[PDB]
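The chain below stands alone and is given in structure tokens; this is the form deposited in one PDB entry.
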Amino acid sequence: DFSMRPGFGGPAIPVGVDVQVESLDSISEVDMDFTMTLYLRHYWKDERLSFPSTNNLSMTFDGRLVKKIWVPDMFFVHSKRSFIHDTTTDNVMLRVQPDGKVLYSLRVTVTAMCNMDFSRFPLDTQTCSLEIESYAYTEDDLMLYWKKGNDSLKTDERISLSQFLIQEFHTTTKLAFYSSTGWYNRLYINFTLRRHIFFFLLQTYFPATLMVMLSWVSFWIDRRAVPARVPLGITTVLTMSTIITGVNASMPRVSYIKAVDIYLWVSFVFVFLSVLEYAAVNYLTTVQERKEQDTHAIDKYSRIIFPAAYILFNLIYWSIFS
């Protein structure tokens, strides 16, 4: 009866795992998941599978035999969807040796949930993992381990992504507990991710800075030229508002506060204050004309104060986000 595991009732059966990674097919920021294609290999010794031959060499069967014999039942923990490839036929392999050591191999694609924090965007780093576990059998019945330690993971040379950079592949293990079912062995495949920083500096942190620098030109124009100093500021407000909407249309769409939002909103406040400045100046000059019937003090102070505050802002901001 190939429904009972090898060594039933006695000690747990040692099953060993080997993995090779093919590709990383996609990543979704809004749904917080990633998709991967890999090869998965198993090993064990079963005597009901022995045969009399002198060759001392393995012999090959396929998926049809897999539905007759007994086989492990690993599954992917914290997955959203997976499948096994089937063209032009099932991507399954089964090799059987004279002494009874089986090898069993699959090709699969998995989508796995990854929790991500965007508060430092775009200067963040994300960490993700793939988890492997047996579904039905506890650690007293089935024992699970990496076949050759840290060397039981292999990775493909052309694995790439359009939005990210990948580094630091390694394996770990950990024991897990379910309250209604027991203690299970679990294996992990970990890696790290990062973005192209110097592109975001030019896409977002550059136009805003130029706009704030453009609002300071007003302090050097003659206060007598009202039809020239009034339209300049409000057009500058318009430009900055347009920019803040273009950046939002090109970003992934997240609804809590991010690093880049802070910088843009502060630049906006600097440009709004410049408009209030000249309104004060105009009003004071006008009441002086009325009272009686050279650069203004507020102009020659603004020319110093505004840039220095912006410089202080930048120092603190980049001390916090580094």
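Superpose the two forms; the largest set of C-alphas matching within 1.5 Å is the rigid core. Numbering starts at 1 and follows the sequence shown.
Same protein, other form: the form deposited in another entry, not shown, and the subject of what follows.
Practice task
Would you mind telling me which residue of 84, 161, 226, 175 shifts its Cα by 2 Å or more between this form and the one not shown when the core is superposed?
Solution key: The residue that shifts is 226.
Handout entry: Exceeds or equals 2 Å, Cα of residue 216 between this form and the one not shown, core fit
Key = Comparing forms between this form and the one not shown, the residue 216 CA shifts at least 2 Å.
Handout entry: residue 189 C-alpha moves between this form and the one not shown by 2 Å or more, core aligned
Key = It does not, since the residue 189 C-alpha is displaced less than 2 Å between this form and the one not shown after the core fit.
Problem - Large Cα shift (2 Å or above) at residue 111 between this form and the one not shown, core-fitted - result: No.
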